[PDB]
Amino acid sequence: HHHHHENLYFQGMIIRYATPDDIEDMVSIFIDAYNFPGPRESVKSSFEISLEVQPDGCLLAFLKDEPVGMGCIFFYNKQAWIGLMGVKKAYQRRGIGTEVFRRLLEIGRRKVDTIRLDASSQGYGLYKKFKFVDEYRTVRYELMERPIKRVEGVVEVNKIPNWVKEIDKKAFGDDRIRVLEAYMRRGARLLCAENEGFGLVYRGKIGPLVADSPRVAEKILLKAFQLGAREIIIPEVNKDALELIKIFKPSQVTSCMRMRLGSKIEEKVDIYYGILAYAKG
C-alpha cells in the first residue's frame, strides 16, 4: 500500500458540502448550466437564501479546484425537495449530475420517505433512472398586462400569522415556514386577504400563492402585480389557477414535470395557485 484516499473514486473529482464561501462558484455553475442572461446578484441572493434554508444541503463537484457541478436538497418534515441541479456545459453528459444526485438521494433517504422535484427536459431522464414517477406539470407564466380592476382588502404583514401557517400546511402538505421567513428577511412581502389567502412577493415573482377561493387568489394576484410581481408558477392540476391568470394576458415561459420518489404526500392543490420555487416546491 501507498496512496490513501478517504472518499469513493469518481472520475478524479472531489464532491463535497458547500459553505457560503462557495457562493460565487455556485452562481457561476448555475449561470453556465442554465444560460442565464440576467444579472448575477439575482442568483447570488437566491443562493444565500438557499443555504440559510439548508446549510448542509448543497453538494459541489470539483475537478481540480475548477467548480463543475452542484445540487441541493431541502428538508421539510415528511419530504425533501431536490433543486438547483447544474453542471457546466463543458462537463455535461459524462455522469457528473447523476453522481451528485445519487449523493443527495443518499442523504435524503436516511431522513425522509418521500423526495420530490420539478424536472426540466434535460433533468427528466436522470431522475427517471432513479425511479422518480410523474406527478403533474408546474408551468411558469409571465404576467404581461395590468388588469384595469381595483382591489381593496389585501394587506402586507411583517410577521407570518398562524392562519397563514395553517393554510400553507394544508396547500403544501408540509411545513416550509422557514423558507417563507428567509425570503422575508431579504425583503419579500407577505400579502394577505381576509384570512383566506396569501401570496409572497420577492423581486418580480409571486410564490407561494395559496387561497381558499379563486376570488381571493385574484385579489392577492392583482395587488402582487402592483407591487412588481410578473411571474407565477402554477401547478397544472389547479384548474382555477390557469383561468385566474388569463386577465394578465400571460406568456408561458417554461414547464417542469413535478416528480416523486416514495409515498404520495397529502396536499391540497386546489388551493395552491403558485408554487414557491422549482428548487423548493
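One-based numbering along the sequence shown.
Checked against the record, the higher mean CA B factor of 39-47 and 227-235 lies with 39-47.
Averaged over CA atoms, B-factors in the entry run higher in 150-158 than in the other of 112-120 and 150-158. Ranked by C-alpha B-factor against the other modelled residues of its chain, residue 33 falls in the highest third. Sorting the modelled residues of the chain by their CA temperature factor places residue 89 in the middle third. When all modelled residues of the chain are sorted by CA temperature factor, residue 176 is found within the middle third. Residue 250 sits in the lowest third of its chain by CA B factor, as recorded in the PDB entry. When the modelled residues of the chain are ordered by their C-alpha B factor, residue 195 lands in the highest third.
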